[PDB]
Amino acid sequence: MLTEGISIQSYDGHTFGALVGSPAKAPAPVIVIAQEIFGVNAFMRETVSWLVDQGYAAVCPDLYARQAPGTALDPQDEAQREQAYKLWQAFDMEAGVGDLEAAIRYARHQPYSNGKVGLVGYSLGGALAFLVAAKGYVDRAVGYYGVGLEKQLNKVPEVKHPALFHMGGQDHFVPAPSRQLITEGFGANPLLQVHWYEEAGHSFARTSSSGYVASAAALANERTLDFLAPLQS
């Protein structure tokens with residue numbers, strides 16, 4: 001689902017929609033939410049809703065719009081999971097970072113904006129959150145279980161604003177030696193935080209996932225809120 005009429009333009013000229021939640025009380029910081037591999041779907045709407053309840057405004061951009069506008073896939077449907085994986089495999093990460101940059105700029109200047117912008121990303125969006133943190137576009141970035149973070153560690157010294165990452169210890173995407181590389185690499189930059197959730201794998205914060213772990217989700221989520229709270233004012 002997207003908010004009808006919302007259109008955001010990327011540096012290269014491409015336009016895309018977004019699901020937008022205005023804040024309960026303005027002004028407020030705006031959180032750009034970077035999707036999982038399923039488009040802008042139920043978990044994204046639930047996340048917009050949660051962040052509104054917590055005193056933010058939120059913008060969730062349609063990152064698959066370069067491939068197919070308005071994709072919103074049910075992660076419990078096998079056929080739709082297959083299409084999600086195809087879209088993720090074809091996804092242009094660089095263009096994704098550009099689209100997120102444009103959504104961050106949009107979020108800075110809405111009439112409800114206090115001028116501070118955060119980013120929270122899950123799965124695909126967690127990978128994008130790290131790349132955005134390296135570019136420095138946001139005041140604070142948060143990623144949940146991005147894939148391939150051990151391949152991006154050369155970017156660690158580029159991070160100049162705080163970023164927080166939540167990783168599942170049982171995530172099959174992240175074997176032990178990758179976890180060790182990430183832990184060591186992140187330790188070199190105190191602006192980065194990474195927490196490991198030993199009893200949780202991928203997608204642990206989404207109730208509809210077979211990987212959902214309530215204790216891990218709750219701890220991660222309260223850490224996220226405490227980390228974003230300084231943006232409020």
# chains A, B, ... in the order shown; residues from 1 in each chain; ligands from 1

call {"tool": "select_by_dssp", "arguments": {"residues": "segment 3-228 of chain A", "states": "strand (DSSP E)", "output": "ChimeraX atom specification"}}
result
/A:8-9,15-16,18-21,28-34,57-61,113-122,140-144,163-168,192-197

call {"tool": "residues_around", "arguments": {"residues": "segment 12-29 of chain A", "least_positions_apart": "2", "cutoff": "7 Å", "atoms": "only C-alpha atoms", "output": "VMD selection string"}}
result
chain A and resid 1 to 3 6 to 10 31 48 52 55 to 62 65 112 to 117 231 to 232

call {"tool": "write_last_selection", "arguments": {"atoms": "N, CA and C atoms", "output": "PDB file, in the first residue's frame"}}
result
ATOM      1  N   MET A   1       0.812  -1.201   0.000  1.00  0.00           N
ATOM      2  CA  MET A   1       0.000   0.000   0.000  1.00  0.00           C
ATOM      3  C   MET A   1       0.853   1.262   0.000  1.00  0.00           C
ATOM      4  N   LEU A   2       0.433   2.282  -0.730  1.00  0.00           N
ATOM      5  CA  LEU A   2       1.161   3.539  -0.753  1.00  0.00           C
ATOM      6  C   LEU A   2       0.147   4.619  -0.464  1.00  0.00           C
ATOM      7  N   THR A   3       0.624   5.800  -0.065  1.00  0.00           N
ATOM      8  CA  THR A   3      -0.287   6.949   0.096  1.00  0.00           C
ATOM      9  C   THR A   3      -0.518   7.591  -1.268  1.00  0.00           C
ATOM     10  N   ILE A   6       1.492  10.794  -3.309  1.00  0.00           N
ATOM     11  CA  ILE A   6       2.875  11.072  -2.884  1.00  0.00           C
ATOM     12  C   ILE A   6       3.830  10.627  -3.993  1.00  0.00           C
ATOM     13  N   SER A   7       4.685  11.562  -4.408  1.00  0.00           N
ATOM     14  CA  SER A   7       5.675  11.312  -5.447  1.00  0.00           C
ATOM     15  C   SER A   7       6.974  11.981  -5.047  1.00  0.00           C
ATOM     16  N   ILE A   8       8.065  11.223  -5.133  1.00  0.00           N
ATOM     17  CA  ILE A   8       9.371  11.694  -4.727  1.00  0.00           C
ATOM     18  C   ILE A   8      10.281  11.443  -5.929  1.00  0.00           C
ATOM     19  N   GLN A   9      11.126  12.436  -6.228  1.00  0.00           N
ATOM     20  CA  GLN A   9      12.058  12.347  -7.370  1.00  0.00           C
ATOM     21  C   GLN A   9      13.496  12.113  -6.955  1.00  0.00           C
ATOM     22  N   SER A  10      14.102  11.110  -7.581  1.00  0.00           N
ATOM     23  CA  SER A  10      15.457  10.727  -7.315  1.00  0.00           C
ATOM     24  C   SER A  10      16.432  11.554  -8.185  1.00  0.00           C
ATOM     25  N   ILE A  31      11.120   9.536  10.166  1.00  0.00           N
ATOM     26  CA  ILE A  31      11.887   8.329   9.935  1.00  0.00           C
ATOM     27  C   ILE A  31      11.555   7.787   8.541  1.00  0.00           C
ATOM     28  N   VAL A  48       5.188   1.906  10.138  1.00  0.00           N
ATOM     29  CA  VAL A  48       4.742   3.305  10.086  1.00  0.00           C
ATOM     30  C   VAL A  48       3.854   3.604  11.300  1.00  0.00           C
ATOM     31  N   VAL A  52       4.643   6.261  14.383  1.00  0.00           N
ATOM     32  CA  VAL A  52       3.684   7.359  14.663  1.00  0.00           C
ATOM     33  C   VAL A  52       3.241   7.361  16.132  1.00  0.00           C
ATOM     34  N   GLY A  55       5.821   8.923  18.434  1.00  0.00           N
ATOM     35  CA  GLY A  55       6.111  10.361  18.293  1.00  0.00           C
ATOM     36  C   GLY A  55       6.906  10.756  17.057  1.00  0.00           C
ATOM     37  N   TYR A  56       6.930   9.888  16.043  1.00  0.00           N
ATOM     38  CA  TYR A  56       7.617  10.214  14.785  1.00  0.00           C
ATOM     39  C   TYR A  56       6.625  10.412  13.672  1.00  0.00           C
ATOM     40  N   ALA A  57       7.080  11.020  12.573  1.00  0.00           N
ATOM     41  CA  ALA A  57       6.399  10.845  11.294  1.00  0.00           C
ATOM     42  C   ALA A  57       7.220   9.807  10.542  1.00  0.00           C
ATOM     43  N   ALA A  58       6.628   9.213   9.515  1.00  0.00           N
ATOM     44  CA  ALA A  58       7.356   8.159   8.803  1.00  0.00           C
ATOM     45  C   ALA A  58       7.054   8.171   7.320  1.00  0.00           C
ATOM     46  N   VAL A  59       8.063   7.828   6.535  1.00  0.00           N
ATOM     47  CA  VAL A  59       7.946   7.762   5.069  1.00  0.00           C
ATOM     48  C   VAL A  59       8.577   6.434   4.648  1.00  0.00           C
ATOM     49  N   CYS A  60       7.791   5.592   3.979  1.00  0.00           N
ATOM     50  CA  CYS A  60       8.300   4.307   3.465  1.00  0.00           C
ATOM     51  C   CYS A  60       8.243   4.318   1.932  1.00  0.00           C
ATOM     52  N   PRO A  61       9.388   4.564   1.292  1.00  0.00           N
ATOM     53  CA  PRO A  61       9.418   4.705  -0.183  1.00  0.00           C
ATOM     54  C   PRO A  61       9.295   3.398  -0.938  1.00  0.00           C
ATOM     55  N   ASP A  62       8.728   3.493  -2.137  1.00  0.00           N
ATOM     56  CA  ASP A  62       8.512   2.310  -2.978  1.00  0.00           C
ATOM     57  C   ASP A  62       9.801   1.983  -3.736  1.00  0.00           C
ATOM     58  N   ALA A  65      10.008   0.395  -7.296  1.00  0.00           N
ATOM     59  CA  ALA A  65       9.312   1.099  -8.385  1.00  0.00           C
ATOM     60  C   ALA A  65      10.126   1.166  -9.688  1.00  0.00           C
ATOM     61  N   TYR A 112       5.234  19.055   8.606  1.00  0.00           N
ATOM     62  CA  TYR A 112       5.321  18.433   9.955  1.00  0.00           C
ATOM     63  C   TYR A 112       6.760  18.168  10.478  1.00  0.00           C
ATOM     64  N   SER A 113       7.766  18.329   9.624  1.00  0.00           N
ATOM     65  CA  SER A 113       9.164  18.001   9.956  1.00  0.00           C
ATOM     66  C   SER A 113       9.795  18.949  10.968  1.00  0.00           C
ATOM     67  N   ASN A 114      10.521  18.394  11.931  1.00  0.00           N
ATOM     68  CA  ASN A 114      11.380  19.204  12.786  1.00  0.00           C
ATOM     69  C   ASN A 114      12.786  19.372  12.200  1.00  0.00           C
ATOM     70  N   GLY A 115      13.021  18.809  11.013  1.00  0.00           N
ATOM     71  CA  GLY A 115      14.306  18.957  10.326  1.00  0.00           C
ATOM     72  C   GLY A 115      15.326  17.857  10.601  1.00  0.00           C
ATOM     73  N   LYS A 116      15.044  17.006  11.598  1.00  0.00           N
ATOM     74  CA  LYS A 116      15.874  15.814  11.880  1.00  0.00           C
ATOM     75  C   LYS A 116      15.270  14.607  11.164  1.00  0.00           C
ATOM     76  N   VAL A 117      16.119  13.741  10.626  1.00  0.00           N
ATOM     77  CA  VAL A 117      15.649  12.555   9.877  1.00  0.00           C
ATOM     78  C   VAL A 117      16.433  11.322  10.310  1.00  0.00           C
ATOM     79  N   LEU A 231      16.515  12.565  18.433  1.00  0.00           N
ATOM     80  CA  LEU A 231      16.029  13.357  17.278  1.00  0.00           C
ATOM     81  C   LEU A 231      14.776  14.179  17.611  1.00  0.00           C
ATOM     82  N   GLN A 232      14.075  13.795  18.682  1.00  0.00           N
ATOM     83  CA  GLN A 232      12.822  14.448  19.070  1.00  0.00           C
ATOM     84  C   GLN A 232      13.159  15.816  19.695  1.00  0.00           C
TER      85      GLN A 232
END

call {"tool": "residues_around", "arguments": {"residues": "residue 210 of chain A", "least_positions_apart": "3", "cutoff": "12 Å", "atoms": "only C-alpha atoms", "output": "compact mmCIF listing (two decimals) with N, CA and C atoms, in the first residue's frame"}}
result
# COMPACT_ATOMS: atom_id res chain seq x y z
N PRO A 75 4.46 -12.25 2.60
CA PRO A 75 5.60 -13.13 2.83
C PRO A 75 5.19 -14.54 3.26
N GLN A 76 3.90 -14.76 3.48
CA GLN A 76 3.46 -16.14 3.80
C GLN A 76 3.00 -16.93 2.58
N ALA A 200 17.93 -15.80 17.85
CA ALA A 200 17.11 -15.29 16.75
C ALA A 200 17.84 -15.32 15.43
N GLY A 201 17.07 -15.57 14.36
CA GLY A 201 17.64 -15.60 12.99
C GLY A 201 17.16 -14.40 12.18
N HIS A 202 17.02 -14.61 10.87
CA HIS A 202 16.58 -13.50 10.01
C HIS A 202 15.10 -13.21 10.29
N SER A 203 14.71 -11.96 10.03
CA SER A 203 13.30 -11.55 10.16
C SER A 203 12.70 -11.65 11.56
N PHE A 204 13.55 -11.65 12.59
CA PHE A 204 13.05 -11.94 13.95
C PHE A 204 12.09 -10.89 14.52
N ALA A 205 12.06 -9.65 13.91
CA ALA A 205 11.17 -8.62 14.40
C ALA A 205 9.79 -8.57 13.71
N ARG A 206 9.54 -9.49 12.79
CA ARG A 206 8.27 -9.46 12.04
C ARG A 206 7.39 -10.62 12.51
N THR A 207 6.22 -10.28 13.07
CA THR A 207 5.36 -11.33 13.65
C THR A 207 4.98 -12.43 12.67
N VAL A 213 10.92 -13.82 16.89
CA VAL A 213 11.28 -14.10 18.29
C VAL A 213 10.90 -12.87 19.10
N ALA A 214 9.83 -12.99 19.91
CA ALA A 214 9.27 -11.84 20.61
C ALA A 214 10.28 -11.16 21.54

call {"tool": "closest_residue", "arguments": {"among": "A:137, A:227, A:106, A:50", "to": "residue 165 of chain A", "atoms": "only C-alpha atoms"}}
result
A:227

call {"tool": "residues_around", "arguments": {"residues": "residue 145 of chain A", "least_positions_apart": "3", "cutoff": "12 Å", "atoms": "only C-alpha atoms", "output": "number ranges by chain"}}
result
A: 35-36, 120-130, 142, 148-150, 164-174, 179, 194-197, 200-206, 211, 217, 220

call {"tool": "residues_around", "arguments": {"residues": "residue 159 of chain A", "least_positions_apart": "4", "cutoff": "9 Å", "atoms": "only C-alpha atoms", "output": "PyMOL selection string"}}
result
chain A and resi 130+132-136+155+163+189+191-192

call {"tool": "write_last_selection", "arguments": {"atoms": "C-alpha atoms", "output": "PDB file, in the first residue's frame"}}
result
ATOM      1  CA  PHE A 130      24.540   0.597   6.227  1.00  0.00           C
ATOM      2  CA  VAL A 132      23.220   5.182   3.701  1.00  0.00           C
ATOM      3  CA  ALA A 133      25.128   5.443   6.991  1.00  0.00           C
ATOM      4  CA  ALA A 134      28.408   5.420   4.928  1.00  0.00           C
ATOM      5  CA  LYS A 135      27.074   8.247   2.708  1.00  0.00           C
ATOM      6  CA  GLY A 136      25.997  10.229   5.802  1.00  0.00           C
ATOM      7  CA  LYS A 155      33.102   1.552   4.343  1.00  0.00           C
ATOM      8  CA  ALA A 163      24.210   3.868  13.186  1.00  0.00           C
ATOM      9  CA  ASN A 189      34.304   3.118  14.659  1.00  0.00           C
ATOM     10  CA  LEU A 191      29.700   5.731  15.827  1.00  0.00           C
ATOM     11  CA  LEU A 192      28.652   2.132  14.907  1.00  0.00           C
TER      12      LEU A 192
END

call {"tool": "closest_residue", "arguments": {"among": "A:118, A:176, A:101, A:86", "to": "residue 230 of chain A", "atoms": "only C-alpha atoms"}}
result
A:118

call {"tool": "residues_around", "arguments": {"residues": "residue 91 of chain A", "least_positions_apart": "3", "cutoff": "10 Å", "atoms": "only C-alpha atoms", "output": "JSON list (two decimals) with N, CA, C and O atoms, in the first residue's frame"}}
result
[["chain", "number", "residue", "atom", "x", "y", "z"],
["A", 37, "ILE", "N", 12.35, -7.46, 1.47],
["A", 37, "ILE", "CA", 12.37, -7.86, 0.05],
["A", 37, "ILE", "C", 10.97, -7.96, -0.54],
["A", 37, "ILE", "O", 10.81, -8.39, -1.69],
["A", 63, "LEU", "N", 10.71, 1.26, -3.08],
["A", 63, "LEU", "CA", 12.03, 1.00, -3.67],
["A", 63, "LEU", "C", 12.01, 0.07, -4.87],
["A", 63, "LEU", "O", 12.94, 0.10, -5.65],
["A", 64, "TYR", "N", 10.97, -0.76, -5.03],
["A", 64, "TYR", "CA", 10.89, -1.61, -6.21],
["A", 64, "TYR", "C", 10.26, -0.90, -7.41],
["A", 64, "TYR", "O", 10.07, -1.54, -8.44],
["A", 66, "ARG", "N", 11.45, 1.06, -9.62],
["A", 66, "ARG", "CA", 12.27, 0.97, -10.85],
["A", 66, "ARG", "C", 11.98, -0.32, -11.63],
["A", 66, "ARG", "O", 12.23, -0.39, -12.84],
["A", 67, "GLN", "N", 11.50, -1.34, -10.93],
["A", 67, "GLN", "CA", 11.21, -2.63, -11.53],
["A", 67, "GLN", "C", 9.71, -2.80, -11.80],
["A", 67, "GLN", "O", 9.31, -3.19, -12.90],
["A", 85, "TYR", "N", 12.01, -12.81, -4.16],
["A", 85, "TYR", "CA", 13.40, -13.15, -4.36],
["A", 85, "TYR", "C", 13.92, -12.71, -5.73],
["A", 85, "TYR", "O", 15.07, -12.29, -5.86],
["A", 86, "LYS", "N", 13.06, -12.78, -6.75],
["A", 86, "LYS", "CA", 13.44, -12.35, -8.12],
["A", 86, "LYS", "C", 13.69, -10.83, -8.16],
["A", 86, "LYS", "O", 14.70, -10.36, -8.74],
["A", 87, "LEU", "N", 12.80, -10.09, -7.50],
["A", 87, "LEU", "CA", 12.95, -8.63, -7.39],
["A", 87, "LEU", "C", 14.22, -8.24, -6.61],
["A", 87, "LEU", "O", 14.98, -7.33, -7.01],
["A", 88, "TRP", "N", 14.50, -8.97, -5.54],
["A", 88, "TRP", "CA", 15.70, -8.68, -4.76],
["A", 88, "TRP", "C", 16.95, -8.98, -5.57],
["A", 88, "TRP", "O", 17.90, -8.19, -5.57],
["A", 94, "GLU", "N", 22.81, 0.55, -5.63],
["A", 94, "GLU", "CA", 23.22, 1.95, -5.78],
["A", 94, "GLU", "C", 22.02, 2.86, -6.02],
["A", 94, "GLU", "O", 21.91, 3.97, -5.45],
["A", 95, "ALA", "N", 21.14, 2.41, -6.90],
["A", 95, "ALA", "CA", 19.91, 3.19, -7.20],
["A", 95, "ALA", "C", 18.99, 3.23, -5.97],
["A", 95, "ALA", "O", 18.33, 4.23, -5.72],
["A", 96, "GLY", "N", 19.00, 2.15, -5.19],
["A", 96, "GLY", "CA", 18.23, 2.09, -3.93],
["A", 96, "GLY", "C", 18.71, 3.13, -2.94],
["A", 96, "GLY", "O", 17.90, 3.82, -2.30],
["A", 124, "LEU", "N", 16.71, -6.41, 3.28],
["A", 124, "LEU", "CA", 17.23, -5.56, 2.18],
["A", 124, "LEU", "C", 17.47, -4.15, 2.71],
["A", 124, "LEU", "O", 18.52, -3.55, 2.47]]

call {"tool": "atom_distance", "arguments": {"atom1": "atom CA of residue 83 of chain A", "atom2": "atom CA of residue 100 of chain A"}}
result
22.2 Å

call {"tool": "closest_residue", "arguments": {"among": "A:30, A:38, A:131, A:144", "to": "residue 81 of chain A", "atoms": "only C-alpha atoms"}}
result
A:38

call {"tool": "closest_residue", "arguments": {"among": "A:140, A:109, A:92, A:46", "to": "residue 229 of chain A", "atoms": "only C-alpha atoms"}}
result
A:140

call {"tool": "residues_around", "arguments": {"residues": "residue 74 of chain A", "least_positions_apart": "3", "cutoff": "12 Å", "atoms": "only C-alpha atoms", "output": "short mmCIF file (atom, residue, chain, number, x, y, z; two decimals) with N, CA, C and O atoms, in the first residue's frame"}}
result
data_model
loop_
_atom_site.label_atom_id
_atom_site.label_comp_id
_atom_site.auth_asym_id
_atom_site.auth_seq_id
_atom_site.Cartn_x
_atom_site.Cartn_y
_atom_site.Cartn_z
N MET A 1 0.81 -1.20 0.00
CA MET A 1 0.00 0.00 0.00
C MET A 1 0.85 1.26 0.00
O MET A 1 1.82 1.31 0.69
N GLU A 36 11.82 -4.51 3.58
CA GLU A 36 12.35 -5.86 3.33
C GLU A 36 12.27 -6.18 1.82
O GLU A 36 12.19 -5.28 0.97
N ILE A 37 12.35 -7.46 1.47
CA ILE A 37 12.37 -7.86 0.05
C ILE A 37 10.97 -7.96 -0.54
O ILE A 37 10.81 -8.39 -1.69
N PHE A 38 9.96 -7.53 0.22
CA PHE A 38 8.55 -7.78 -0.14
C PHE A 38 7.78 -6.55 -0.61
O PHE A 38 6.57 -6.63 -0.80
N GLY A 39 8.48 -5.45 -0.83
CA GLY A 39 7.79 -4.20 -1.20
C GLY A 39 7.22 -3.46 -0.02
O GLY A 39 7.64 -3.67 1.12
N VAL A 40 6.25 -2.59 -0.27
CA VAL A 40 5.67 -1.80 0.82
C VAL A 40 4.38 -2.50 1.22
O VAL A 40 3.32 -2.33 0.59
N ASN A 41 4.47 -3.33 2.25
CA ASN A 41 3.36 -4.27 2.54
C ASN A 41 2.93 -4.16 4.00
O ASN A 41 3.16 -3.12 4.61
N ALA A 42 2.30 -5.21 4.56
CA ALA A 42 1.66 -5.12 5.88
C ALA A 42 2.67 -4.76 6.98
O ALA A 42 2.42 -3.87 7.79
N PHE A 43 3.86 -5.38 6.92
CA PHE A 43 4.86 -5.10 7.95
C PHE A 43 5.33 -3.63 7.85
O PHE A 43 5.60 -3.00 8.87
N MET A 44 5.41 -3.08 6.64
CA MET A 44 5.75 -1.66 6.52
C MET A 44 4.67 -0.75 7.09
O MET A 44 4.99 0.22 7.81
N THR A 71 4.48 -2.85 -5.77
CA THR A 71 4.69 -4.22 -5.29
C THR A 71 4.44 -4.30 -3.76
O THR A 71 5.02 -3.52 -3.01
N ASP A 77 2.93 -16.25 1.43
CA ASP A 77 2.47 -16.88 0.18
C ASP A 77 3.70 -17.31 -0.63
O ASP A 77 4.52 -16.47 -1.00
N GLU A 78 3.83 -18.61 -0.90
CA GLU A 78 5.04 -19.13 -1.57
C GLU A 78 5.29 -18.49 -2.93
O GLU A 78 6.46 -18.15 -3.24
N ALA A 79 4.25 -18.34 -3.74
CA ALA A 79 4.37 -17.74 -5.06
C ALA A 79 4.88 -16.31 -4.98
O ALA A 79 5.72 -15.89 -5.78
N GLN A 80 4.38 -15.56 -4.00
CA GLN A 80 4.79 -14.16 -3.81
C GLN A 80 6.19 -14.06 -3.23
O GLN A 80 6.92 -13.12 -3.54
N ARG A 81 6.58 -15.04 -2.40
CA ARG A 81 7.97 -15.09 -1.95
C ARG A 81 8.90 -15.29 -3.14
O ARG A 81 9.92 -14.66 -3.23
N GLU A 82 8.51 -16.16 -4.07
CA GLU A 82 9.33 -16.37 -5.28
C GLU A 82 9.53 -15.07 -6.06
O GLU A 82 10.65 -14.76 -6.51
N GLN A 83 8.44 -14.30 -6.20
CA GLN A 83 8.58 -13.03 -6.90
C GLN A 83 9.41 -12.06 -6.08
O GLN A 83 10.18 -11.30 -6.67
N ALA A 84 9.32 -12.11 -4.75
CA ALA A 84 10.17 -11.24 -3.91
C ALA A 84 11.65 -11.53 -4.14
O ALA A 84 12.49 -10.61 -4.26
N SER A 208 4.85 -12.11 11.37
CA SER A 208 4.41 -13.09 10.38
C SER A 208 5.51 -14.07 9.91
O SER A 208 5.26 -14.97 9.10
N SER A 209 6.74 -13.85 10.35
CA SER A 209 7.86 -14.69 10.00
C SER A 209 7.89 -15.94 10.89
O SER A 209 7.66 -15.83 12.10
#

call {"tool": "closest_residue", "arguments": {"among": "A:98, A:193, A:104, A:151", "to": "residue 139 of chain A", "atoms": "only C-alpha atoms"}}
result
A:104
